[PDB]
Amino acid sequence: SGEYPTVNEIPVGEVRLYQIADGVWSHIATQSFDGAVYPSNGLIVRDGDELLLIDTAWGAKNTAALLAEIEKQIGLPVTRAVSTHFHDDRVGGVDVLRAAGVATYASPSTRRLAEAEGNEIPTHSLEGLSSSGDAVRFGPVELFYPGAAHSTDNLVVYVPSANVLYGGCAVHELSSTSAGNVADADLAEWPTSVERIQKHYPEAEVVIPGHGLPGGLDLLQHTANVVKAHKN
Ligand SMILES: C[C@@H](c1cccc2c(-c3ccc(NS(C)(=O)=O)c(C#N)c3)c(C(=O)O)[nH]c12)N1C[C@]2(C[C@@H](CN)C2)OC1=O
Ligand SMILES: [Zn+2]
Ligand SMILES: [Zn+2]
């Protein structure tokens, strides 16, 4: 009924959308992994009479449900998708997208990691993102590579029309006490990568984490704090 939707409010398999700003929504779904249930976010950005999708809904059936939810709520076609790192909460569902006629994109780093680990593989390579601090335009967003953090390949996405910063899994929600799933992380580089984000996007108004509630710029500092403390 209007609040940001949370893990116990979304059965696995169902997707909800949340309006962030004019022409910007997040998508929220839930999935089981290793016997626990987790929420996760992605982004939808209006691109004229089409939509750009950022990240899958964490699984094939969730991603089909995402497409159906977008058709219900928005009614414009998803034409392109970008995955912001190689994990299943970002690429699981790319096969569904690709069979729905969505052109799927990720960095070469993400593509290599996905292939090596047996995750679904976006079709198209995003060049120009291989050095920390790199940025490229993609439709109505800017893609930015901050350096290694949650994963070595993680990208962030900025919506300049709305000052929306989608941090993906390099950014944690304010209620987080722990640094999430750190299996593939670089805890030592993570704070430096967050500081690059802070420097590059000082006018962000909304910050969206990869999992959990959006907020403001404080999510960035909070993330740096929790990662440093976890590493400690
Ligand atoms: C698919 C993905 C994955 C799965 C399960 C949970 C998470 C989480 C995560 C964990 C705790 C959280 N909150 S909590 C402490 O319970 O309160 C929250 C929240 N909100 C989010 C994240 C994240 O932090 O981004 N990602 C996850 N994978 C899997 C894996 C690849 C590797 C195996 N080779 C392990 O690494 C990874 O990230
Ligand atoms: Zn991840
Ligand atoms: Zn994640």
# chains A, B, ... in the order shown; residues from 1 in each chain; ligands from 1
>>> select_by_dssp(residues="stretch 21-231 of chain A", states="strand (DSSP E)", output="VMD selection string")
chain A and resid 21 24 to 33 36 to 47 50 to 54 78 to 82 103 to 106 124 to 125 135 to 138 141 to 144 156 to 159 164 to 168 206 to 209
>>> residues_near_ligand(ligand="ligand 3", cutoff="9 Å", atoms="only C-alpha atoms and all ligand atoms", output="VMD selection string")
chain A and resid 40 to 41 85 87 to 90 150 168 to 170 180 to 181 209 to 211
>>> write_last_selection(atoms="C-alpha atoms", output="compact mmCIF listing (two decimals), in the first residue's frame")
# COMPACT_ATOMS: atom_id res chain seq x y z
CA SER A 40 16.51 -8.04 -4.33
CA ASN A 41 16.11 -4.89 -6.40
CA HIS A 85 27.47 -7.98 -12.05
CA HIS A 87 25.67 -13.17 -9.85
CA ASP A 88 22.30 -14.86 -10.29
CA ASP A 89 20.41 -11.95 -8.76
CA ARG A 90 21.63 -9.87 -11.72
CA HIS A 150 30.87 -6.51 -3.71
CA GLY A 168 23.48 -2.35 -7.05
CA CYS A 169 25.14 -4.75 -4.65
CA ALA A 170 28.12 -2.44 -4.03
CA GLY A 180 25.72 -9.12 2.79
CA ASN A 181 27.07 -11.97 0.69
CA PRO A 209 20.91 -0.64 -2.91
CA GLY A 210 21.05 -4.03 -4.55
CA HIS A 211 18.92 -5.42 -1.77
>>> closest_residue(among="A:179, A:114, A:15, A:10", to="residue A:73", atoms="only C-alpha atoms")
A:15
>>> atom_distance(atom1="atom CA of residue A:59", atom2="atom CA of residue A:162")
28.6 Å
>>> closest_residue(among="A:139, A:160, A:101, A:212", to="residue A:29", atoms="only C-alpha atoms")
A:212
>>> closest_residue(among="A:205, A:34, A:95, A:184", to="residue A:149", atoms="only C-alpha atoms")
A:184
>>> closest_residue(among="A:135, A:167, A:183, A:124", to="residue A:42", atoms="only C-alpha atoms")
A:167
>>> select_by_dssp(residues="stretch 28-145 of chain A", states="helix (DSSP H, G or I)", output="JSON list (two decimals) with N, CA, C and O atoms, in the first residue's frame")
[["chain", "number", "residue", "atom", "x", "y", "z"],
["A", 60, "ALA", "N", 14.59, -17.32, -13.48],
["A", 60, "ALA", "CA", 13.80, -17.36, -14.71],
["A", 60, "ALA", "C", 12.33, -17.05, -14.46],
["A", 60, "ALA", "O", 11.75, -16.16, -15.11],
["A", 61, "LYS", "N", 11.71, -17.74, -13.52],
["A", 61, "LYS", "CA", 10.29, -17.49, -13.31],
["A", 61, "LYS", "C", 10.03, -16.11, -12.73],
["A", 61, "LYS", "O", 9.04, -15.45, -13.10],
["A", 62, "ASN", "N", 10.90, -15.65, -11.82],
["A", 62, "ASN", "CA", 10.77, -14.29, -11.34],
["A", 62, "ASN", "C", 10.87, -13.26, -12.47],
["A", 62, "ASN", "O", 10.17, -12.26, -12.49],
["A", 63, "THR", "N", 11.79, -13.48, -13.39],
["A", 63, "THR", "CA", 12.00, -12.57, -14.51],
["A", 63, "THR", "C", 10.85, -12.57, -15.49],
["A", 63, "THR", "O", 10.44, -11.53, -16.00],
["A", 64, "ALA", "N", 10.23, -13.74, -15.73],
["A", 64, "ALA", "CA", 8.99, -13.76, -16.52],
["A", 64, "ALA", "C", 7.90, -12.96, -15.80],
["A", 64, "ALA", "O", 7.16, -12.21, -16.42],
["A", 65, "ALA", "N", 7.82, -13.12, -14.48],
["A", 65, "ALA", "CA", 6.83, -12.37, -13.71],
["A", 65, "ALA", "C", 7.11, -10.88, -13.73],
["A", 65, "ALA", "O", 6.17, -10.08, -13.78],
["A", 66, "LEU", "N", 8.39, -10.51, -13.78],
["A", 66, "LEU", "CA", 8.77, -9.10, -13.91],
["A", 66, "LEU", "C", 8.22, -8.53, -15.22],
["A", 66, "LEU", "O", 7.65, -7.45, -15.25],
["A", 67, "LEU", "N", 8.47, -9.21, -16.32],
["A", 67, "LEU", "CA", 7.97, -8.77, -17.61],
["A", 67, "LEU", "C", 6.44, -8.59, -17.57],
["A", 67, "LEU", "O", 5.93, -7.60, -18.09],
["A", 68, "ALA", "N", 5.73, -9.53, -16.95],
["A", 68, "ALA", "CA", 4.29, -9.42, -16.88],
["A", 68, "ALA", "C", 3.85, -8.24, -16.03],
["A", 68, "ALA", "O", 2.89, -7.54, -16.35],
["A", 69, "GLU", "N", 4.56, -7.99, -14.94],
["A", 69, "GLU", "CA", 4.25, -6.88, -14.06],
["A", 69, "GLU", "C", 4.49, -5.54, -14.75],
["A", 69, "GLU", "O", 3.72, -4.59, -14.60],
["A", 70, "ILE", "N", 5.58, -5.44, -15.53],
["A", 70, "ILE", "CA", 5.86, -4.24, -16.30],
["A", 70, "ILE", "C", 4.75, -3.99, -17.32],
["A", 70, "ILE", "O", 4.27, -2.87, -17.51],
["A", 71, "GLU", "N", 4.28, -5.06, -18.00],
["A", 71, "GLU", "CA", 3.20, -4.89, -18.97],
["A", 71, "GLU", "C", 1.92, -4.39, -18.31],
["A", 71, "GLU", "O", 1.23, -3.51, -18.83],
["A", 72, "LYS", "N", 1.62, -4.92, -17.12],
["A", 72, "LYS", "CA", 0.45, -4.50, -16.35],
["A", 72, "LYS", "C", 0.52, -3.06, -15.90],
["A", 72, "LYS", "O", -0.48, -2.33, -15.98],
["A", 73, "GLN", "N", 1.65, -2.66, -15.31],
["A", 73, "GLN", "CA", 1.78, -1.39, -14.66],
["A", 73, "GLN", "C", 2.23, -0.26, -15.53],
["A", 73, "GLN", "O", 1.93, 0.89, -15.20],
["A", 88, "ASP", "N", 23.62, -14.46, -9.84],
["A", 88, "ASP", "CA", 22.30, -14.86, -10.29],
["A", 88, "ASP", "C", 21.20, -13.86, -10.02],
["A", 88, "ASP", "O", 20.21, -13.84, -10.74],
["A", 89, "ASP", "N", 21.36, -13.00, -9.01],
["A", 89, "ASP", "CA", 20.41, -11.95, -8.76],
["A", 89, "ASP", "C", 20.50, -10.80, -9.78],
["A", 89, "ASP", "O", 19.66, -9.89, -9.70],
["A", 90, "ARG", "N", 21.43, -10.86, -10.69],
["A", 90, "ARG", "CA", 21.63, -9.87, -11.72],
["A", 90, "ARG", "C", 21.46, -10.40, -13.12],
["A", 90, "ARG", "O", 20.99, -9.69, -14.00],
["A", 91, "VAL", "N", 21.91, -11.67, -13.36],
["A", 91, "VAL", "CA", 21.83, -12.31, -14.67],
["A", 91, "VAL", "C", 20.87, -13.47, -14.70],
["A", 91, "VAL", "O", 20.58, -13.94, -15.81],
["A", 94, "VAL", "N", 18.34, -13.80, -17.68],
["A", 94, "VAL", "CA", 18.76, -13.28, -18.97],
["A", 94, "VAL", "C", 18.27, -14.16, -20.11],
["A", 94, "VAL", "O", 17.93, -13.65, -21.18],
["A", 95, "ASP", "N", 18.21, -15.49, -19.93],
["A", 95, "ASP", "CA", 17.68, -16.36, -21.00],
["A", 95, "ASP", "C", 16.22, -16.03, -21.28],
["A", 95, "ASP", "O", 15.81, -15.98, -22.44],
["A", 96, "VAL", "N", 15.41, -15.83, -20.23],
["A", 96, "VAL", "CA", 14.02, -15.40, -20.38],
["A", 96, "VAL", "C", 13.96, -14.10, -21.14],
["A", 96, "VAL", "O", 13.15, -13.93, -22.04],
["A", 97, "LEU", "N", 14.77, -13.12, -20.75],
["A", 97, "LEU", "CA", 14.78, -11.81, -21.43],
["A", 97, "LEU", "C", 15.09, -11.98, -22.89],
["A", 97, "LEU", "O", 14.42, -11.41, -23.78],
["A", 98, "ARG", "N", 16.13, -12.74, -23.18],
["A", 98, "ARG", "CA", 16.59, -12.92, -24.55],
["A", 98, "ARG", "C", 15.53, -13.60, -25.41],
["A", 98, "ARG", "O", 15.41, -13.26, -26.57],
["A", 99, "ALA", "N", 14.75, -14.50, -24.87],
["A", 99, "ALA", "CA", 13.65, -15.15, -25.60],
["A", 99, "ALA", "C", 12.40, -14.29, -25.66],
["A", 99, "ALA", "O", 11.47, -14.59, -26.44],
["A", 108, "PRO", "N", 32.44, -6.93, -20.41],
["A", 108, "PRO", "CA", 33.15, -8.15, -20.70],
["A", 108, "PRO", "C", 33.56, -8.88, -19.45],
["A", 108, "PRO", "O", 33.60, -10.10, -19.43],
["A", 109, "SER", "N", 33.92, -8.15, -18.39],
["A", 109, "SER", "CA", 34.28, -8.78, -17.14],
["A", 109, "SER", "C", 33.11, -9.60, -16.59],
["A", 109, "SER", "O", 33.29, -10.77, -16.18],
["A", 110, "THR", "N", 31.94, -9.01, -16.55],
["A", 110, "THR", "CA", 30.75, -9.73, -16.09],
["A", 110, "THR", "C", 30.49, -10.93, -16.97],
["A", 110, "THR", "O", 30.17, -12.01, -16.45],
["A", 111, "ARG", "N", 30.55, -10.78, -18.27],
["A", 111, "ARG", "CA", 30.29, -11.90, -19.15],
["A", 111, "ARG", "C", 31.24, -13.07, -18.91],
["A", 111, "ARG", "O", 30.84, -14.25, -18.93],
["A", 112, "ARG", "N", 32.54, -12.77, -18.75],
["A", 112, "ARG", "CA", 33.52, -13.81, -18.49],
["A", 112, "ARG", "C", 33.22, -14.52, -17.18],
["A", 112, "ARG", "O", 33.32, -15.75, -17.08],
["A", 113, "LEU", "N", 32.90, -13.76, -16.13],
["A", 113, "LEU", "CA", 32.67, -14.36, -14.81],
["A", 113, "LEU", "C", 31.43, -15.21, -14.84],
["A", 113, "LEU", "O", 31.38, -16.31, -14.26],
["A", 114, "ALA", "N", 30.36, -14.71, -15.49],
["A", 114, "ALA", "CA", 29.13, -15.47, -15.59],
["A", 114, "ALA", "C", 29.38, -16.79, -16.30],
["A", 114, "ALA", "O", 28.94, -17.86, -15.87],
["A", 115, "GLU", "N", 30.10, -16.73, -17.44],
["A", 115, "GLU", "CA", 30.38, -17.96, -18.17],
["A", 115, "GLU", "C", 31.19, -18.93, -17.34],
["A", 115, "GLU", "O", 30.88, -20.12, -17.32],
["A", 116, "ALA", "N", 32.23, -18.44, -16.66],
["A", 116, "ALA", "CA", 33.06, -19.35, -15.91],
["A", 116, "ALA", "C", 32.33, -20.01, -14.80],
["A", 116, "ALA", "O", 32.65, -21.17, -14.48],
["A", 117, "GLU", "N", 31.36, -19.36, -14.19],
["A", 117, "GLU", "CA", 30.69, -19.88, -13.02],
["A", 117, "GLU", "C", 29.37, -20.55, -13.32],
["A", 117, "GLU", "O", 28.72, -21.04, -12.40]]
>>> residues_around(residues="residue A:206", least_positions_apart="3", cutoff="12 Å", atoms="only C-alpha atoms", output="list in words")
residues 19, 20, 21, 24, 25, 26, 157, 158, 159, 160, 162, 163, 164, 165, 166, 167, 173, 201, 202, 203, 209, 213, 214, 215, 216, 217, 218, 219 and 220 of chain A
>>> closest_residue(among="A:197, A:155, A:44, A:207", to="ligand 2", atoms="only C-alpha atoms and all ligand atoms")
A:155
>>> closest_residue(among="A:185, A:224, A:194, A:54", to="residue A:153", atoms="only C-alpha atoms")
A:185
>>> residues_around(residues="residue A:138", least_positions_apart="6", cutoff="12 Å", atoms="only C-alpha atoms", output="ChimeraX atom specification")
/A:45,47,51-54,80-82,105-106,126-129,144,157-160
>>> atom_distance(atom1="atom 12 (C, counted along the ligand's line) of ligand 1", atom2="atom CA of residue A:223")
12.7 Å
>>> atom_distance(atom1="atom CA of residue A:222", atom2="atom CA of residue A:36")
24.4 Å
>>> decode(residues="stretch 9-106 of chain A", atoms="C-alpha atoms", output="short mmCIF file (atom, residue, chain, number, x, y, z; two decimals), in the first residue's frame")
data_model
loop_
_atom_site.label_atom_id
_atom_site.label_comp_id
_atom_site.auth_asym_id
_atom_site.auth_seq_id
_atom_site.Cartn_x
_atom_site.Cartn_y
_atom_site.Cartn_z
CA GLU A 9 5.70 -9.15 1.88
CA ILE A 10 6.67 -10.68 -1.51
CA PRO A 11 6.16 -14.43 -2.10
CA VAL A 12 8.85 -15.97 -4.19
CA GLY A 13 7.72 -15.77 -7.77
CA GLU A 14 5.83 -12.45 -7.58
CA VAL A 15 7.27 -9.09 -8.53
CA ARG A 16 6.36 -5.61 -7.38
CA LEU A 17 7.34 -2.26 -8.85
CA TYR A 18 7.96 0.93 -6.91
CA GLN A 19 7.91 4.40 -8.46
CA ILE A 20 11.14 6.20 -7.60
CA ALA A 21 10.82 9.33 -9.78
CA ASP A 22 9.24 10.33 -13.05
CA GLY A 23 10.16 7.58 -15.52
CA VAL A 24 12.13 5.57 -12.88
CA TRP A 25 10.93 2.49 -11.01
CA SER A 26 12.60 -0.17 -8.94
CA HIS A 27 11.57 -3.80 -9.23
CA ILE A 28 11.54 -6.06 -6.18
CA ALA A 29 11.38 -9.86 -6.07
CA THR A 30 12.32 -12.58 -3.63
CA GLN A 31 14.32 -15.75 -4.07
CA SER A 32 15.60 -18.69 -2.03
CA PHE A 33 19.34 -19.34 -1.83
CA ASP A 34 21.02 -21.89 0.40
CA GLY A 35 17.79 -22.33 2.38
CA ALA A 36 17.03 -18.68 3.17
CA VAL A 37 14.80 -16.14 1.40
CA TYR A 38 16.10 -12.78 0.30
CA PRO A 39 14.68 -9.72 -1.49
CA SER A 40 16.51 -8.04 -4.33
CA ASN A 41 16.11 -4.89 -6.40
CA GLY A 42 16.54 -3.84 -9.99
CA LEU A 43 15.71 -0.69 -11.95
CA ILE A 44 13.43 0.27 -14.86
CA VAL A 45 14.04 3.55 -16.69
CA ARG A 46 11.75 5.04 -19.33
CA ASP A 47 13.62 5.47 -22.68
CA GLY A 48 11.04 7.41 -24.80
CA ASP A 49 8.36 4.86 -25.71
CA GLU A 50 10.55 1.96 -24.63
CA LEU A 51 12.07 0.79 -21.29
CA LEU A 52 15.62 0.05 -20.20
CA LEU A 53 15.87 -2.69 -17.57
CA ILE A 54 18.68 -2.88 -15.03
CA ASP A 55 19.17 -6.41 -13.61
CA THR A 56 16.97 -9.45 -13.69
CA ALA A 57 14.52 -10.38 -10.90
CA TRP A 58 16.76 -13.27 -9.67
CA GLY A 59 15.63 -16.30 -11.59
CA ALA A 60 13.80 -17.36 -14.71
CA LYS A 61 10.29 -17.49 -13.31
CA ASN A 62 10.77 -14.29 -11.34
CA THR A 63 12.00 -12.57 -14.51
CA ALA A 64 8.99 -13.76 -16.52
CA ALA A 65 6.83 -12.37 -13.71
CA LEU A 66 8.77 -9.10 -13.91
CA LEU A 67 7.97 -8.77 -17.61
CA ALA A 68 4.29 -9.42 -16.88
CA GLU A 69 4.25 -6.88 -14.06
CA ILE A 70 5.86 -4.24 -16.30
CA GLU A 71 3.20 -4.89 -18.97
CA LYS A 72 0.45 -4.50 -16.35
CA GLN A 73 1.78 -1.39 -14.66
CA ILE A 74 3.65 0.49 -17.37
CA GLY A 75 2.70 -1.07 -20.72
CA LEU A 76 5.82 -0.07 -22.68
CA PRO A 77 8.19 -2.67 -24.15
CA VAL A 78 11.47 -3.57 -22.49
CA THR A 79 14.01 -3.38 -25.31
CA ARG A 80 17.36 -3.55 -23.55
CA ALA A 81 18.73 -4.81 -20.24
CA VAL A 82 22.01 -4.29 -18.43
CA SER A 83 23.28 -6.62 -15.72
CA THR A 84 25.43 -4.93 -13.14
CA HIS A 85 27.47 -7.98 -12.05
CA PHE A 86 27.69 -11.71 -12.75
CA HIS A 87 25.67 -13.17 -9.85
CA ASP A 88 22.30 -14.86 -10.29
CA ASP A 89 20.41 -11.95 -8.76
CA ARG A 90 21.63 -9.87 -11.72
CA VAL A 91 21.83 -12.31 -14.67
CA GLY A 92 19.48 -15.16 -13.67
CA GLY A 93 16.66 -14.55 -16.05
CA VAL A 94 18.76 -13.28 -18.97
CA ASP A 95 17.68 -16.36 -21.00
CA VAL A 96 14.02 -15.40 -20.38
CA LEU A 97 14.78 -11.81 -21.43
CA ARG A 98 16.59 -12.92 -24.55
CA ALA A 99 13.65 -15.15 -25.60
CA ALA A 100 11.33 -12.24 -25.03
CA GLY A 101 13.34 -10.25 -27.57
CA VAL A 102 15.21 -8.05 -24.99
CA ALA A 103 18.79 -7.26 -25.99
CA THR A 104 20.97 -8.09 -22.95
CA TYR A 105 24.21 -6.33 -22.09
CA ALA A 106 27.00 -6.54 -19.50
#
